[PDB]
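Residue-level structural notes
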Amino acid sequence: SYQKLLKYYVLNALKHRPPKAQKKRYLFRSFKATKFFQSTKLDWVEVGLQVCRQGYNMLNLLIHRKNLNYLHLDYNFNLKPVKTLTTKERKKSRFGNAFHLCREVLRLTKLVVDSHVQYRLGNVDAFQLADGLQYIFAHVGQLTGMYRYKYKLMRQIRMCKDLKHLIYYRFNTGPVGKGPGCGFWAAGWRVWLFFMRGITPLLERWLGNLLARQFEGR
Amino acid sequence: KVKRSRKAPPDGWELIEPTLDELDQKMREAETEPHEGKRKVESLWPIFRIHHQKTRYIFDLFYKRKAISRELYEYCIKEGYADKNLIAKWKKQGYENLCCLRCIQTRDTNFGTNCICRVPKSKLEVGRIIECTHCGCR
Amino acid sequence: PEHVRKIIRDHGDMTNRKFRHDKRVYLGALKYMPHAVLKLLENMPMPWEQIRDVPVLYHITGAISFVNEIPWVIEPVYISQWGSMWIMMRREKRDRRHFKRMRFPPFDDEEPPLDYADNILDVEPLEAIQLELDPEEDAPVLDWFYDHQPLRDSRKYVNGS
Amino acid sequence: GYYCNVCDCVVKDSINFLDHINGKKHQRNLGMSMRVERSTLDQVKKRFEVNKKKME
Amino acid sequence: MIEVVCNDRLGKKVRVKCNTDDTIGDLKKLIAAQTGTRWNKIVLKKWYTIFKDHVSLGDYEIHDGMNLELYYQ
Amino acid sequence: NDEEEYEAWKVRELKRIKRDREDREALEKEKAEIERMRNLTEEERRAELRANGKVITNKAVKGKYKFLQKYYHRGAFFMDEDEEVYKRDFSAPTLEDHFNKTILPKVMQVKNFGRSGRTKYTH
Amino acid sequence: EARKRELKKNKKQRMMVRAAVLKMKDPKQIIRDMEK
Amino acid sequence: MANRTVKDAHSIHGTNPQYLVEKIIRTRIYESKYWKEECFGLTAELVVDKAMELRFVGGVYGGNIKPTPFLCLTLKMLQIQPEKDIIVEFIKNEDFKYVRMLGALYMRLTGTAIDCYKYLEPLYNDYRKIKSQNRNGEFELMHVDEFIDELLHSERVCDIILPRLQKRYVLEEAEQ
RNA sequence: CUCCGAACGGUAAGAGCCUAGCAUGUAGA
RNA sequence: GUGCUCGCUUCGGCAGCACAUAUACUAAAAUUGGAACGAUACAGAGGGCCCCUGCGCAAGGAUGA
RNA sequence: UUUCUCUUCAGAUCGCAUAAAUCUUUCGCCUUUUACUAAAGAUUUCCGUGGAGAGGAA
Ligand SMILES: O=P(O)(O)O[C@H]1[C@H](OP(=O)(O)O)[C@H](OP(=O)(O)O)[C@H](OP(=O)(O)O)[C@@H](OP(=O)(O)O)[C@H]1OP(=O)(O)O
């Protein structure tokens, strides 16, 4: 684990050239100038639930525009069939690339949001919360089905799995020797933040390429 | 809408409770109201009316009546009950009373950013019809 | 403030509530500019002060509530916070025998939780792992340590808003 | 198998035929039978008469 | 002990490790533990050969790798 | 059996009424149990008192993978139930781990024409 | 590997020929005209 | 046609007008033998006749998803969307049982939580019997108190998922 | 000695009967 | 609506002063008609263009001049 | 005194750390491709950041 962490660290140290470009291009700074945006002060859990509902609504309207009346996401973003579409329909729902990935990403997001909603809605409410978050990053390593759209995940997932045992042998030392150490997401959440920050433009490009095919032509 | 502030309220908070919570109950009723009947945005008029009433009350208490202290005139806005920028808009001589933007000219927003009642009483309301898409401030 | 919630009243309908006219880019920008998963992946409410504010830019039709806020946690205060949390989590793992933290899927298989916490939200236990500090040695780091923005009304330790 | 008189068609199955007259074009031509929500007293009579006939 | 592939062409290619002489209720428990759906809602098929919640596993004689088209109730 | 029905209607009403009050006091009992554990952690005994069980919902009684037996993930989606189907010691050869994987010539990870990965925990 | 594509092309041609044969003298083409 | 009630519907703010039930189970209700009969139209009156003639309280059975006429008729009344007066009349009906059961169920799925408690509390005194079909087809005799206990306290008392009704503590702290 | 992967290369093509969630909002007299 | 005329002239008001100057795919509506390779019955295989899946002018599968 | 607007110049570990993509080379694979593996070089995209006019609240 420490070997892999040091490997990532040194490989980061190498690819480090002084960046000076882009002319200071900022987003969410010109949107508010137009009438397609309005600022507000809304609680964080509210914003998360709003984002999850908006994502589900977007995907549902996508699937409905395609006139597929036999599929369902189920609000955990696990695309569920209905009646064994196998005449000519299973060849019509072979997304593979972006629907898979957007589904995985929104599944992770809605999962974290609903975990904190249960915290506010009377969960364990103790350190069990942070333990759950640690298990959630483990699940994003394994449970969340993002492998197919991108296999480069395994780098950061091995990073998270090594970061795991980096903590327990610093946390589970002394009285706590075997039990589940709830740990922290000081590094996990950090890595996934960097990940999403780097991969936002890929999905911007894929949606720019796909929306024209489902809304303009081919 | 009282959720939390990580501290105790000021001394003169007990006087604010009944009227403030009455207005908050009106807001909660207008928030869970039905959509059937509201044409396109008719549901979003009374929310602005209630917000205007709340700002009116807290402003009359702040220094119009000189009843509320200096802590409440910042702590009531520090926690979410009224708008500071809106009251700053009220400080002007022209901005007497109007909504956010429903009859304004081309402001920073493509439709408007000045006020709902910003139109004049002597020339607006073309012919006889007075209305406003954002707040209906005739 | 509450314009957002009434803007969420429409989830899909037959031209009932802004369904037809407010659909096409309501899908487009919804799928094209996610840019909120990152913000929610970058605007954790800091559970020691889990009452976060989270300013949110929202499209009018209700496409996405984008967050404009950015975290600027002070490095040494940040590290002291997470170290106190480290000690308290070790304490709670040592003392407690039976540890229930296995609520892995929430939302209950197509049960949207948008109720009783997307509302007035009477429940708010924001006193999770706030360590009880004795003001004898921990005095100067007392009143600016259990607040997620300990710089607003400072005027000496904060360059601005 | 099943054959309709007004619909002017024949279905070679049971469930496939059951899903025919319930929303048929000729069934629609026979008359618009949109469910009109009866008055509150309608349920009252539907309860009273059925309690008096079936039970009593 | 047996390894089964609870598969599907809709983002669910799951690998559950089932017992030898076990039932299918426990297999559905494992499929839910690895898939993320309620227990009683899962369905397993192989061209409409709907496996039931009481017929055992060795009864059909499943062996290592026998994939199963997953569906939901 | 009307006399028996009214007798059990209170039997259910008592349990259902007992669950309500038992749920309210549990929030105070949980906080009180932390307070009892607080003083217990404070001045009960310096490594001279446990009053515990180290209870865990599902004990993962693991074994030892032979040489390259796959890392099987149980799946952390349902563990509060404490179902007995989980306690089975998933440390067995599933499909191809039955072999020794030592008599082989040099090594065989997978000849499926996809060996992107390269690792065996040698270092 | 290309033999699969060749067989697929041959099968597609045969299917098109069979469809044309069934449609040219179809019940809607031949037997339908038999009544006229 | 099985889209809307007549021409318009006050959309239940939870999920949707008709889609409060899972889409899978809904599509199964449509592709069903019982959906053939009584689906020609049932607004307010004939629902009463079709309701009392089915003495079961259950959801899905069989290896395939087999909907009971109880569940299908709940969905029929859901698509019909009657007024609250009729539902209150059915809630206060002691002679017929399953009509009151359906009133309670639709009130749970269609109604504010305040009214849910206000109209479901007095159903906590019927120690009578209720017939219910298990998933394996076998029936079971269940008391009505147990039914409402699973309805309010527990989730998915039937195959349907419930839209997260509040805890009694918050409402007791705020209201009645 | 714990590194765990997904899609395509896959389901013959067929004539008779039948049922449906979706979409325009206007020019003009 | 706001503040003011050493105004008419009271504290009822009368007239004037200056600030504020034009939102709106207008309508909560109206009518308008169609498509599953979808289940069912039936015989049971010797060069480019128009389409579909799809992120790549990656790849894949297809009737209609 | 405090903030928001924006045209503008950055070679300061512009950011006491660290994401991806494109192209060109070198390995491992390889049944075709897309997803890939681990090393070098370069160009961009995203989370950003620094220093200088003018214009808007306390
Ligand atoms: O079973 P071990 O080989 O001893 O390792 C386990 C295992 O992690 P790894 O398999 O990746 O090494 C557990 O992870 P999961 O099986 O749950 O995925 C993890 O438990 P957590 O998930 O809570 O982190 C933790 O076990 P524990 O919680 O007891 O610390 C850990 O190390 P140990 O089992 O040796 O402690």
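Residues numbered from 1 in each chain as written, not as in the entry; some residues may be left out. Chains lettered and ligands numbered in written order. Part of a larger assembly, values for the part shown. Heavy atoms only, no water. Residues with missing side-chain atoms left out of burial classes, pairs and counts.

Chain C goes by Pre-mRNA-processing-splicing factor 8 in the PDB entry, where it is assigned to Homo sapiens. Within the Protein Data Bank, this record goes by the title "Human pre-Bact-1 spliceosome core structure".

Labelled according to the PDB entry, chain B appears under the name Protein BUD31 homolog, originating from Homo sapiens. Its UniProt record, at the heading Subunit (literature references left out), says of chain B: "Identified in the spliceosome C complex. May interact with AR." UniProt's Subcellular location comment on chain B is quoted here verbatim: "Nucleus". (UniProt positions renumbered as here; feature names shortened; annotations may be inferred.)

In this section: the packing of aromatic side chains. Residues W13 of chain B and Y81 of chain B carry aromatic rings whose centres are separated by 5.9 Å and whose planes lie at 55 degrees to one another, so their mutual orientation is tilted. Placement of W13 of chain B in the segment before α1 (17–31) and of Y81 of chain B in the loop between α3 (72–78) and α4 (84–91) is noted, with a sequence separation of 68 residues between them. With a centroid separation of 5.2 Å and an interplanar angle of 50 degrees, the aromatic rings of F145 of chain C and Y146 of chain C are classed as tilted. Members of the aromatic cluster, each reached through a chain of ring pairs, are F171, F184 and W185 of chain A together with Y78, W82 and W86 of chain C. Lying over the aromatic face of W90 of chain B, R56 of chain B brings its terminal NZ or CZ to 5.3 Å of the ring centre. Here the guanidinium or amino end of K45 of chain E rests over the ring plane of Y71 of chain E, the centre of that ring lying 5.4 Å away. (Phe/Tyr/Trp six-rings, centres within 6.5 Å; stacked < 30°, edge-to-face > 60°. Helix = DSSP H or I, 4+ residues; strand = E, 2+ residues; numbered from the N terminus. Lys NZ or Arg CZ within 6 Å of the ring centre and 35° of its normal.)

Turning to the environment of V16 of chain E, a few remarks are in order. Mapped onto the elements, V16 of chain E comes out in strand β2 (residues 14–16). With 18 residues separating them along the chain, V16 of chain E and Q34 of chain E place their C-alpha atoms 7.3 Å apart. Leave out the neighbours within four places in its chain, and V16 of chain E touches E3, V4, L27, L30, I31 and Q34 of chain E together with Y72 of chain F. (Contact = heavy atoms within 4.5 Å.)

Turning our eyes to something else, we now look at the sheet that holds strand β1 (residues 4–7) of chain E. Residues and elements named next belong to chain E. If you walk across this open sheet you meet the four strands as β2-β1-β4-β3, and the pairing is mixed. Looking along the sheet, the strands with just one partner apiece sit at the ends: β2 and β3 (42–45). Going across the sheet, the axis of each strand differs from the next one's by a mean of 35 degrees, ignoring polarity. Sitting on the sheet, helix α1 (residues 25–35) touches β2 and β3, and the angle it makes with β2 is about 135 degrees. (Pairing = 2+ DSSP bridges. Axes fitted to C-alpha atoms, helices over the stretch in contact; angles between N-to-C directions.)

Quick look at the pattern of salt bridges now. Once their charged atoms are close, side chains differing in charge can pair, the charge on each being opposite to the other. With its nearest N and O atoms 4.0 Å apart, the salt bridge here joins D8 of chain E to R90 of chain A. Taken as a pair, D8 of chain E in the loop between β1 and β2 and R90 of chain A in the loop between β2 (80–81) and α3 (99–120) lie in two separate chains rather than in one. Between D60 of chain B and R56 of chain B there is a salt bridge, and its shortest N-O distance comes to 2.5 Å. Placement of the pair is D60 of chain B and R56 of chain B together in helix α2 (residues 45–64), with a separation of four residues, close to one helical turn. (Salt bridge = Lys/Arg side-chain N within 4 Å of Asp/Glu carboxyl O.)

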